[PDB]
2 protein chains.
Amino acid sequence: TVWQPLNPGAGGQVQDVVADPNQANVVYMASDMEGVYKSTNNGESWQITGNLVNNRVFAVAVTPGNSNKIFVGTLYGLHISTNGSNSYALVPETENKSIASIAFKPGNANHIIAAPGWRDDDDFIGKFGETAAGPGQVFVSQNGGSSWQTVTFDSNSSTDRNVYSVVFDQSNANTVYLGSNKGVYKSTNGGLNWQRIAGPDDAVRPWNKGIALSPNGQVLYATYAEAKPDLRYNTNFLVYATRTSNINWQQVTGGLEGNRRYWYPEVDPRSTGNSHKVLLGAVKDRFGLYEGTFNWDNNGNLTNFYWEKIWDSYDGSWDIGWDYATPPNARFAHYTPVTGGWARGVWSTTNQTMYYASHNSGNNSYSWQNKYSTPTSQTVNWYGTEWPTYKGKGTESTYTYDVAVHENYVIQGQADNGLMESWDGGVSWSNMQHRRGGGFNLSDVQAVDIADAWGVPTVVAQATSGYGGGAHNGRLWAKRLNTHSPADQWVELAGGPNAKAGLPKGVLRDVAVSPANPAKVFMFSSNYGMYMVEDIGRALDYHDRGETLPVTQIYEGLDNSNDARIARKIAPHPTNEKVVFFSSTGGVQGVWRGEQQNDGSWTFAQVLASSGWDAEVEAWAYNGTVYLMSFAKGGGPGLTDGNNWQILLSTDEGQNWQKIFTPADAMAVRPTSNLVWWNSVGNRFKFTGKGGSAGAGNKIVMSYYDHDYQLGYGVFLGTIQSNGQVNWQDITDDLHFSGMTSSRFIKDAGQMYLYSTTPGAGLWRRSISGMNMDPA
Amino acid sequence: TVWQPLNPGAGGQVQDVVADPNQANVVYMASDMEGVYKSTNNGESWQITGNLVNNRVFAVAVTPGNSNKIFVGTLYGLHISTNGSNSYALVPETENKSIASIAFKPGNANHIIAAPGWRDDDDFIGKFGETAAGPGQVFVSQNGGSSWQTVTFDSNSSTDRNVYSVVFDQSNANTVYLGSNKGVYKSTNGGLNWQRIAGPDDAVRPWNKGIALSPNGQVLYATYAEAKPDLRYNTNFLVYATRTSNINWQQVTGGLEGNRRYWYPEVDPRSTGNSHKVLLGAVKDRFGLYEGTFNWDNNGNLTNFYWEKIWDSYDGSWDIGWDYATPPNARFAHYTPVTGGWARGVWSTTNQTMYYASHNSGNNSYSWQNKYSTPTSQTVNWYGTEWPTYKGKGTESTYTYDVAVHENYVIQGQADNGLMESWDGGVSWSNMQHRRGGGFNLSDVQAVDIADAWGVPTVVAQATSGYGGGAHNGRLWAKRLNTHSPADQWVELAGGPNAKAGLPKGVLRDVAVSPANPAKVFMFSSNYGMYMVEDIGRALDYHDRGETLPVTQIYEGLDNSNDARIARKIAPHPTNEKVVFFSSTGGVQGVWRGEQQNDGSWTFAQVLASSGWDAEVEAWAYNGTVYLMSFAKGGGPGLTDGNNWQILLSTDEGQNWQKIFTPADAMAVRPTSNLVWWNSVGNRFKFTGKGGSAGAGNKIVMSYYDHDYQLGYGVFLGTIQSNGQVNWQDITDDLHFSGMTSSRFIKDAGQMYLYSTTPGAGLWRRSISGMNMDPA
Ligand SMILES: [Cl-]
Ligand SMILES: [Cl-]
Ligand SMILES: [Zn+2]
Ligand SMILES: [Zn+2]
Ligand SMILES: [Zn+2]
Ligand SMILES: [Zn+2]
């Protein structure tokens with residue numbers, strides 16, 4: 001172990017949790033950014049599995065009778081493992097074909113169906129050139145996955161082809177149904193020829209959103225929806241049942257909440273008779289989880305049915321973990337298998353989490369268990385209630401923008417989850433303080449830093465509302481670390497919807513404290529300009545009186561042809577508080593330098609004609625030399641190399657630059673033999689990044705990453721030698737998701753570390769050896 | 001400028017905001033109590049316009065191609081302005097005919113349709129004798145509004161005739177539709193002959209609540225409702241669309257919240273093809289604002305549609321202002337015009353407010369902007385969150401009952417908005433503290449005063465729940481002004497639903513502190529009697545221990561034939577704390593006087609046989625004389641003059657009265673030439689008032705106002721001369737809404753002022769010159 005994770009567990013949208021039918025307590029989890037995790041203790045702890053070509057996983061299936069053979073459906077196609085998920089290989093027939101369901105023929109594990117699909121991730125189906133519209137197809141293997149046949153069930157190239165489920169008749173293994181936006185289809189020869197099943201009301205709601213079939217094969221359950229381009233605005237899915245011997249649908253929503261996106265129904269494999277247990281959650285909607293009971297008679301008539309919430313709002317009966325997400329959005333839900341020694345239970349989620357319910361057949365009760373985070377003995381106070389801090393169970397799937405550390409305190413600023421805070425060095429966390437009174441949540445935190453309020457170390461943060469990275473505005477908050485404990489509180493200083501302190505509403509893509517005067521804080525409001533808090537102690541003095549001290553505007557950026565309009569990273573000068581650098585990503589791009597004059601006025605100018613949306617600049621001092629380091633595209637004549645991002649270095653504050661790292665350097669230090677995905681999607685890979693470069697003392701770090709495909713090439717550490725040259729080494733090591741949004745060199749407990757945040761796998765740190773620092 | 005407003009902005013139900021099609025950023029706002037406001041900076045600041053005959057405005061329309069010609073639909077009929085709204089004239093054809101929609105024929109601004117209507121104000125359609133039932137009619141002008149024709153489209157005199165919208169075919173200017181409770185009607189000759197369009201289900205929901213028509217004229221959108229007498233209990237309006245070439249409705253509510261009063265749909269004038277953007281809010285219901293997208297093909301089939309919330313609950317993305325009204329009730333919503341240089345945007349409201357959204361066509365995003373209030377640098381704490389105080393943007397539409405002032409602190413007690421508090425002398429305000437824990441809001445505050453708690457000035461208030469003036473109970477609250485800052489808090493002392501301190505549930509129509517002993521507070525519980533807090537400092541001592549000190553009943557009013565049962569205003573004696581006066585408005589009416597005896601008992605008796613629901617009495621001392629002043633109807637033989645309200649004065653505590661002001665006096669001091677409305681509705685005007693009389697030193701003030709028609713005659717100031725006579729002068733000046741609920745003479749910063757609250761336009765103050773006071 002080299003890279004050390006510091007996360008509270010999970011935190012990203014979970015696609016599925018799949019049980020191994022051959023052995024109780026063995027489960028796999030499909031993440032949308034880090035691939036597949038495995039557990040052999042029913043989710044008490046999770047371990048990463050082998051490397052996939054694409055990490056956006058929609059389906060995992062374990063071969064009945066062979067736990068070593070596992071199939072994984074990803075956005076780029078099907079993978080097969082023959083060593084129990086230790087290693088994976090892309091299946092050539094399905095390359096560039098997103099797969100989201102995998103089903104085995106009952107009694108013949110060599111007969112497999114893998115169906116094109118992508119769950120609700122319509123936003124991502126085009127990342128590799130696919131479209132939602134196309135012929136309706138499935139892939140069928142009859143030799144256990146060595147070869148696959150392409151079967152067409154609909155030939156309309158202009159209609160949505162997403163398949164949501166494939167389900168076999170347990171009582172007649174050659175009968176199989178599929179549920180698709182194309183409709184529900186049936187095959188009586190194992191999936192080689194299909195016929196369409198008419199829906200309950202195809203003129204109005206033709207799209208199927210999942211089917212279920214009773215084990216005796218006699219009853220089909222389905223939900224149906226109107227045709228609309230985006231699930232965001234398609235809210236009412238209705239639930240129906242029909243006998244399969246004569247298609248005649250009846251609506252069976254009596255007892256369900258109205259106007260919900262019910263999907264992926266599923267019959268308990270234990271329902272072998274005329275009473276069927278049907279598990280029903282939904283995409284997006286938060287209502288917990290339903291179990292329905294349908295009592296048919298032997299005439300094929302439904303005597304009665306009833307839906308029961310077996311999971312509901314937070315009420316004290318289950319540990320919600322750190323992710324206070326109530327009611328649960330049960331975006332997947334499965335009964336446990338009847339094989340392998342499994343007990344009867346339910347696997348589900350609150351959306352970003354993993355939950356397992358055990359079942360009491362005496363009183364038909366469910367007991368929900370947190371399978372993503374572990375509470376510690378530390379407590380935080382919020383809503384007048386005490387909540388534990390939580391340490392991860394082995395997974396981490398958060399989009400983390402930035403990180404700051406002071407003594408025992410760590411904060412990572414995340415998308416979706418906002419202010420993620422730790423008071424034990426990053427072992428356990430809580431983000432409860434981001435849920436503010438008045439009904440708004442500080443769910444997007446793009447920058448954090450540590451300032452100085454009259455000698456008291458004070459966290460500063462760009463913290464605003466908005467999910468999925470859709471930050472609403474620039475908004476500056478501060479937390480005085482009086483106790484380095486959960487008792488410390490956040491207060492708002494500037495920005496927000498109310499334009500507090502005269503700070504405009506443009507997002508502060510970075511907030512930076514001056515190392516020379518840590519009371520002074522710089523921030524760049526997107527499309528407005530660069531602003532400054534001269535002394536944060538004075539700003540808090542006004543705040544404590546119920547007043548507000550205005551911020552100072554030091555640069556105006558409102559002209560696209562002449563001004564820098566957006567900044568990604570601000571680098572104050574390490575020793576001169578009247579000089580700052582920033583990387584401009586809007587208007588006139590590149591590294592900009594500003595200098596304050598005696599009358600307090602500033603002059604700004606471009607010092608490197610670079611570009612790139614996530615371009616960074618860093619300035620530090622080491623043994624008498626001030627280094628200026630740019631990670632970006634371009635640079636001008638003699639430096640630009642197409643759209644390749646490069647590391648450029650200057651020792652004279654940006655008047656002269658030297659190219660010290662390129663993609664060719666990266667490939668020589670870390671050959672493409674190290675990348676499982678090079679042969680298949682290397683022709684698409686672009687040498688860019690999400691950020692994550694840093695410099696301190698004699699060390700420099702960077703990471704090549706292409707967010708278009710969630711592909712990370714590697715992490716590279718450079719050592720500045722006594723003569724000026726930089727020698728580079730590969731420090732990727734065991735970091736499996738290596739793209740980086742930010743990196744900082746941080747000394748903790750007398751040892752120098754590299755703290756790095758990732759756009760999908762949270763926070764990691766790594767020991768750095770042989771480092772020299774200036775005494776500071 | 002003479003009268004100075006002190007308000008946080010808006011605060012009353014907004015009827016519409018209408019853009020000028022000829023010039024970007026010029027807008028008009030229809031208020032229901034002060035007429036029409038105009039802005040030329042897209043709502044950053046608002047200015048009043050000319051005087052209307054009736055101030056309840058339902059519609060405003062700007063003549064295309066002539067920004068100086070403006071039409072205004074009011075409860076009393078149509079007004080026309082030819083000088084850009086600087087002055088108005090009533091249109092004789094529509095006198096006494098409430099108008100709520102005005103539409104111009106495309107390409108011919110001389111062809112105008114004005115439709116009878118009154119939006120949702122069914123409570124007010126009878127104020128001037130009209131009824132909702134009657135023939136369905138529209139007014140049509142073909143010469144730009146010099147003359148109007150009355151067109152009948154339905155002749156049933158017993159069915160509701162409200163028209164909600166009139167919409168032309170942009171592609172065929174002679175085709176026009178209207179949407180009415182009578183149904184949807186169509187004309188193919190510019191509105192001179194109409195035919196009925198059958199609704200989707202006329203046996204069940206025949207009433208139309210607004211229509212929209214695509215610019216190409218091919219698709220009609222509408223919402224339809226069951227026939228019910230009151231919108232309060234009619235909650236489910238369904239949305240439909242039909243091709244206009246063959247009426248065949250289809251329901252299109254998929255994606256909308258169920259059971260909502262969707263109304264006034266509107267197609268973007270930019271939707272010139274087969275994809276239509278439809279804007280949809282509702283009356284009363286709070287869900288934000290929907291934009292729908294309808295994609296038709298050239299066969300006249302709807303391929304798909306989807307509804308998107310472009311405005312939703314308070315989440316941090318927009319400034320809610322001082323009126324924490326979430327989710328928004330978008331009771332009107334309009335796209336900006338395509339002419340005049342307008343950008344694409346949306347004008348709407350949270351109910352009592354004005355909001356504008358700018359639009360980003362790159363990502364189809366909306367950015368909502370507060371266009372009714374302006375945040376300051378002062379903050380208040382509520383819900384554990386910091387909220388700014390807000391100063392008005394130029395409008396004020398609150399029903400304000402009463403006002404109190406102490407040093408920098410001001411409170412106006414309002415209906416709907418409750419405890420409206422200021423800490424900068426009335427510039428900026430916040431009412432957040434009226435939203436109490438446990439889910440009740442102190443939204444009705446009919447009386448406020450300043451008491452003395454052991455030397456600490458302490459606000460006292462009748463503050464209870466209930467909207468629209470429907471106060472639930474009598475309930476006494478107190479705020480110790482320890483800091484004269486938002487840190488001071490309200491505590492409950494007596495009354496309420498729980499009968500605290502033995503105070504009954506009758507509303508305390510007035511609360512009055514004794515000027516001789518400002519620790520002693522009087523209050524009159526409607527239909528129970530008169531009660532007293534002997535020493536409020538002692539009451540708060542019990543309260544701070546978690547206990548309650550009982551109030552003292554000093555007068556029992558439970559006999560309609562012998563007792564005073566309801567009081568409107570209490571006037572404690574200025575120097576003798578054992579004497580109080582009050583104006584009785586229930587049971588035996590008139591000015592009553594009570595005197596406390598040595599054993600603590602009180603004797604009460606009627607001293608002036610006056611009457612009137614809003615009758616007032618004031619007692620003050622000046623240069624050795626105690627003045628008692630009554631503003632009321634009646635008085636007895638030699639004083640009564642029909643139902644005319646008069647000012648009566650007594651210098652011997654009510655044993656002898658002299659008449660010092662009458663309507664004839666008012667008309668001689670302020671001739672009817674000063675009133676735009678005298679010729680049209682002067683025959684209805686009654687010389688009454690809502691209150692607003694006061695006396696202090698050598699000055700007396702009163703205001704004649706008839707709430708039945710929202711007509712204010714004028715404000716009159718009287719000077720008590722050295723010989724006893726009173727000389728009166730007209731001080732209406734620039735006060736456009738001059739009816740008054742309360743007036744107080746208040747010295748602020750060494751200058752004497754008159755603070756006056758109005759039943760619809762908030763709080764105003766005016767410098768008073770040449771005033772003499774007793775040193776107090
Ligand atoms: Cl049903
Ligand atoms: Cl529908
Ligand atoms: Zn997804
Ligand atoms: Zn940062
Ligand atoms: Zn109204
Ligand atoms: Zn009062």
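Only this structure's heavy atoms are used, side chains among them; waters, hydrogens and symmetry mates stay out. By convention in this document, chain letters (A, B, ...) are assigned in the order of the sequence lines, proteins followed by strands, and residues within each chain are numbered from 1.
A cation-pi arrangement is found for A:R545 relative to A:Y542, the charged atom lying closer than 6.0 Å to the ring centre and inside a 45° cone about the ring normal. Judged by the 6.0 Å and 45° rule, B:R765 forms a cation-pi pair with B:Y753.
Aromatic ring pairs are classed by plane angle as parallel below 30°, tilted from 30° to 60° and perpendicular above 60°; the pair B:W387 and B:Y324 is perpendicular. Between B:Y372 and B:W322, the ring-plane angle classifies as perpendicular under the 30° and 60° cut-offs. Using a 30° and 60° split on the angle between ring planes, B:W728 and B:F661 fall in the parallel class, below 30°.
Checked by atom type, the side-chain pair A:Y531/A:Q553 shows a donor-acceptor distance below 3.5 Å. Looking at B:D444 and B:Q446, their side chains do bring a donor and an acceptor atom within 3.5 Å of each other.
Separation of the B:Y355 and B:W368 ring centroids does not fall under the 6.0 Å cut-off. Between B:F522 and B:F524, the distance separating the two ring centers is not shorter than 6.0 angstrom.
Taking the charged nitrogens against the carboxylate oxygens, B:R766 and B:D733 do have a contact shorter than 4.0 Å, which makes a salt bridge. Ion pairing of B:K569 with B:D614 is absent here, as no side-chain N (NZ or NE/NH1/NH2) approaches a carboxylate O to less than 4.0 Å. Comment: B:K479 engages B:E421 in a salt bridge, judged by a side-chain N to carboxylate O separation of less than 4.0 angstrom.
Exactly one residue among B:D488, B:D452, B:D544 makes a salt bridge (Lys or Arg N to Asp or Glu O under 4.0 Å) with B:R480. That residue is B:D544. If you run side-chain contact (heavy atoms from CB on, under 4.5 Å) between B:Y399 and each of B:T758, B:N417, B:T741, only B:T741 comes through.
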